[PDB]
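Throughout, a chain's letter reflects where its sequence line sits, starting with A, and its residues are numbered from 1. Only heavy atoms go into these numbers, but all of them, side chains included; no hydrogens, no water, no symmetry mates.
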Amino acid sequence: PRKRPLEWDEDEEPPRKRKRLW
Amino acid sequence: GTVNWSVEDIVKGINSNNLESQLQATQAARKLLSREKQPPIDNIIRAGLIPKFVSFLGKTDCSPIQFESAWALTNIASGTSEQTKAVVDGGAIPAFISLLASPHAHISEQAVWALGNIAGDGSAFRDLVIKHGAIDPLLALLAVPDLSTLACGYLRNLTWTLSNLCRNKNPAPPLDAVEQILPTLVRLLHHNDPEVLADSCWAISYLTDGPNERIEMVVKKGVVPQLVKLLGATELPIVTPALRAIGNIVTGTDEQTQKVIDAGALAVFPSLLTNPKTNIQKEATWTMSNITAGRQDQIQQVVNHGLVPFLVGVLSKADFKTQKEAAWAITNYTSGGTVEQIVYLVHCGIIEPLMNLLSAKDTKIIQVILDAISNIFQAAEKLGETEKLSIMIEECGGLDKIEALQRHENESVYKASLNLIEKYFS
């Protein structure tokens, strides 16, 4: 039996970029 | 008085060559760029302001304009790739890296943040930041006896930026950069701030997302037991990436997988496999399927920890994506397991929830399930109990479902369903 990858739910991850609001 | 300026006013102030006028205009730009709704990023770029802001980063004699321009550039770089590119094109990278050495904490922090946005764009800008030499001075900011002495927001920003430097593939980060960063990540993994822990676990998740060699770099640091501990955290934002990392590790070799087991990971799965957060349950079940794809002694550990009933449970009721991972877990189990292990599986009640799932219209899961049933039949053959099994499958309505799959659209499906009926049902 093969080992398999799993899709990445992007909404779970830290932001890729962040705007500073204050 | 720096509130709600026009871009035209900002340009006028910045072109005045009066440093104080430039400072006020830059602050006004920062405030424009700080609004949540449709900041005029492209208008700022078109006005040609980026090179000016970058120049202001080098004004060691006017820290306030350094800070205001750093913040303004940070928010431009937080936009689209094209907007991040405009910042990079303006020479911002080496300028921000130099700012990491600022005696002003709020200024070095802003440089950390900006570099995180740039690296966060993708692997090219990530690697370009690394080439400019950002890692040394970034890591130096964390070289203190006790992380707890650093301001909370400051450490969080640093941790996040470091995680972005570990992020993305095609290609993955440079091997030597990873080796350079890891020891600091390991330390952060032992910190007590929930957000630092979450981002650190994500960093490790990125680094273990690849071939066994990449996984090995992490495992040899001895972090697995700490990751297992983090699996039990009450904060779900910690559990999610902790479990992702653990899952990534068990996609590796049997030996890397064994480290996860030896560290006691399996004892946490009764909770993970029933976790109210759908995505955690999904990746927990995914992780299980890769472990049941391991050696027979590893399948046996799954058995010993009482996790088979939990897999029957997930197969019986869960989000469909999770059930599909459970189907995979069962097929792997039946494929690599001993007859005794397979007997135990059936005794746990796997058959009914397997058959029930044949009703689903996902062609892959049907294939997975049919393969599992064939595997189980092979085991029954060695026992001459193939008749007990056929009866089991018919009594829970599986026969009816398998027979109808003979007419299935898909190739492998109606074939294998035919071999089953022809072979054990007639």
Side-chain angles (χ1 to χ4, degrees), chain A, chain B residues 30 33-36 39 71 74-75 77-80 84 110 113-114 116-122 157 159-160 163-164 167-168 195 198-199 202-203 205-206 209 237 240-241 244 247-248 250-252 257 279-280 282-283 286-287 289-294 321 325 328 331-336:
Chain A
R2 224 45 83 205
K3 288 181 166 180
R4 299 171 312 108
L6 174 72
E7 74 189 346
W8 295 66
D9 297 322
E10 292 164 22
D11 296 329
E12 297 287 351
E13 305 175 14
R16 301 172 195 279
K17 297 174 184 178
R18 296 160 56 221
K19 184 200 301 174
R20 181 173 179 165
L21 306 181
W22 59 74
Chain B
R30 173 267 285 189
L33 292 161
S34 289
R35 74 192 193 194
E36 308 192 26
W71 186 339
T74 292
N75 285 4
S78 71
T80 63
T84 304
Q110 198 57 58
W113 189 326
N117 284 350
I118 296 168
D121 181 77
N157 280 317
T159 304
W160 173 77
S163 73
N164 269 2
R167 199 173 193 167
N168 286 305
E195 293 188 22
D199 290 344
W202 279 113
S205 287
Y206 307 151
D209 175 38
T240 296
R244 163 53 86 161
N248 286 351
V250 308
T251 72
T257 299
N279 278 338
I280 289 181
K282 182 175 73 187
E283 62 176 4
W286 167 65
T287 299
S289 74
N290 282 326
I291 296 176
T292 61
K321 279 180 169 184
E325 292 299 320
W328 274 112
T331 301
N332 293 342
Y333 186 113
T334 60
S335 173

What part of B/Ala77 lies closer than 4.5 angstrom to a heavy atom of chain A: side chain, backbone, both or neither? backbone
Using atom types as modelled and no hydrogens or angles, find all donor-acceptor pairs between chain A and chain B shorter than 3.5 Å.
from	atom 1	to	atom 2	distance (Å)
A/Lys3	NZ	B/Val250	O	2.9
A/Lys3	NZ	B/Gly252	O	3.1
A/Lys3	NZ	B/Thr257	OG1	2.7
A/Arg4	N	B/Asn290	OD1	2.9
A/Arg4	O	B/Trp286	NE1	2.9
A/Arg4	O	B/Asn290	ND2	3.0
A/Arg4	NH2	B/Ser289	OG	3.1
A/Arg4	NH2	B/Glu325	OE1	2.5
A/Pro5	O	B/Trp286	NE1	3.4
A/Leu6	O	B/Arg244	NH2	3.1
A/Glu7	O	B/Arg244	NH2	2.9
A/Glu7	OE2	B/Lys282	NZ	3.1
A/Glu7	OE2	B/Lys321	NZ	2.9
A/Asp9	OD2	B/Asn279	ND2	3.2
A/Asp9	OD2	B/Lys282	NZ	2.8
A/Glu12	OE1	B/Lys277	NZ	2.7
A/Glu12	OE2	B/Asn279	ND2	2.7
A/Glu13	OE1	B/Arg167	NH2	2.9
A/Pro14	O	B/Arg167	NH1	3.2
A/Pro14	O	B/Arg167	NH2	2.9
A/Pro15	O	B/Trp160	NE1	3.0
A/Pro15	O	B/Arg167	NH1	3.2
A/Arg16	O	B/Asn164	ND2	3.0
A/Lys17	NZ	B/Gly79	O	3.1
A/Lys17	NZ	B/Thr84	OG1	2.8
A/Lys17	NZ	B/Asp121	OD1	2.8
A/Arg18	N	B/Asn117	OD1	2.8
A/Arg18	O	B/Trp113	NE1	3.0
A/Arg18	O	B/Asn117	ND2	2.9
A/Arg18	NH1	B/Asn157	OD1	2.9
A/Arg18	NH2	B/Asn157	OD1	3.0
A/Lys19	NZ	B/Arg35	O	3.1
A/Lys19	NZ	B/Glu36	O	3.4
A/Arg20	N	B/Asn75	OD1	2.8
A/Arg20	O	B/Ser34	OG	3.3
A/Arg20	O	B/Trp71	NE1	3.2
A/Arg20	O	B/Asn75	ND2	2.9
A/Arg20	NH1	B/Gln110	OE1	2.7

Heavy-atom distances under 4.5 Å only: say whether B/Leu33 touches chain A with side chain, backbone, both or neither. backbone
Residue part contacting chain B, namely of A/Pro15, when any heavy atom lies under 4.5 Å: both
When heavy-atom pairs shorter than 4.5 Å are enumerated against chain A, which of B/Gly294, B/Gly252, B/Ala114 gives the highest number? B/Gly252
Check each atom of B/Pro39 against the heavy atoms of chain A and say whether the ones under 4.5 Å are side chain, backbone, both or neither. side chain
